[PDB]
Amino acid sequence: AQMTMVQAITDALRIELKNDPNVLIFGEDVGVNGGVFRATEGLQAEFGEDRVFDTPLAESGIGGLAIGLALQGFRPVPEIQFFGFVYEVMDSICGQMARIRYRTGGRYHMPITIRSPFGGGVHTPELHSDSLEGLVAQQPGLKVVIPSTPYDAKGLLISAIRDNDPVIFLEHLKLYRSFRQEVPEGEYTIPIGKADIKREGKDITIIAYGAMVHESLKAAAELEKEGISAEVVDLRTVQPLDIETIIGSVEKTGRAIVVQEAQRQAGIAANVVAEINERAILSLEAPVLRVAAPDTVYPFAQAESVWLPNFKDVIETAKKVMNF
């Protein structure tokens, strides 16, 4: 049952196509080609073109097509080739589908899931690796899910697809097939808006999501060699945040840092930090610091190494908080 994250993704899509006749998969090059990273491979040939198809090149169009289909009872699962391209579909996502239930007082709803890869570390061209989770996180009516392991990916996508409200599912490029993990075959779900402890610690709480989780765990092993026991928490849903799990952990360690790949003035670290300060203020022993990238535009491929935060920056920031 060893699978890479892209395989768990495909398997979760295969399952939902079987159980729910209303599910449809579409976007640019997702039919006969199977996608840029082969996420939808083999699906069209098994479920038919009437359920898995290519569309004209136009994100704004794909988003407007998804809303309409939902009004006719279908459960759409469109794809934006890269999340850097979400600026073209901003109105359909935030000005439309996220507000349909509220706008119609519950008469209509959008059982829609938007799949899209992001993240850096594999040297892609301009606007492909951007981290824009913070934009959609500010629109009420949406749920933003970001998995970090093959196991979390399959179960979250199924819950996402089953959700009767819009959900944005971001898949990190560097985690697609970089590692393997045990994934049970068959349907199973993981609640949306629920975080999980990836490593139990006692000295400090390290909160992260996406590819930063790996770096955090990487950093936790090094720190163990120095007597500092770190607790690593993976959010897995960046909106809503699992306040109880976050707080529960901080009111035990009394210290913490938040880790993200995005620019400091971007991302979601600011909201987690704000929330911690308002609820666990009486348990803190040190200020809650963030580990983020510089406030410049996402770097030209060649400069990813020196720009992207890695486990060494998490080692350093963790020591600052401990030596406070």
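Residue positions are given as counts along the sequence shown, with the first one as 1.
Two stretches are in play, 312 to 320 and 298 to 306, and the higher mean C-alpha B-factor belongs to 312 to 320. Mean CA B-factor, 266 to 274 versus 29 to 37: the higher value falls on 29 to 37. Going by the entry's values, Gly121 shows the largest Cα B-factor out of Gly121, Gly84, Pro78, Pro150. Among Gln239, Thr104, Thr189, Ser116, the highest C-alpha B-factor in the deposited entry belongs to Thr189. Per the PDB record, residue ranking by Cα B-factor puts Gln72 in the middle third of the chain. In the deposited entry, the Cα temperature factor of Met5 sits in the bottom third of values across the chain's modelled residues. In the PDB entry, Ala160 places in the middle third of its chain by CA B-factor. Residue-level temperature factors show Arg290 in the lowest third of its chain, judged at the C-alpha atom. Annotation for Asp54: C-alpha temperature factor in the middle third relative to the rest of the modelled chain, per the entry.
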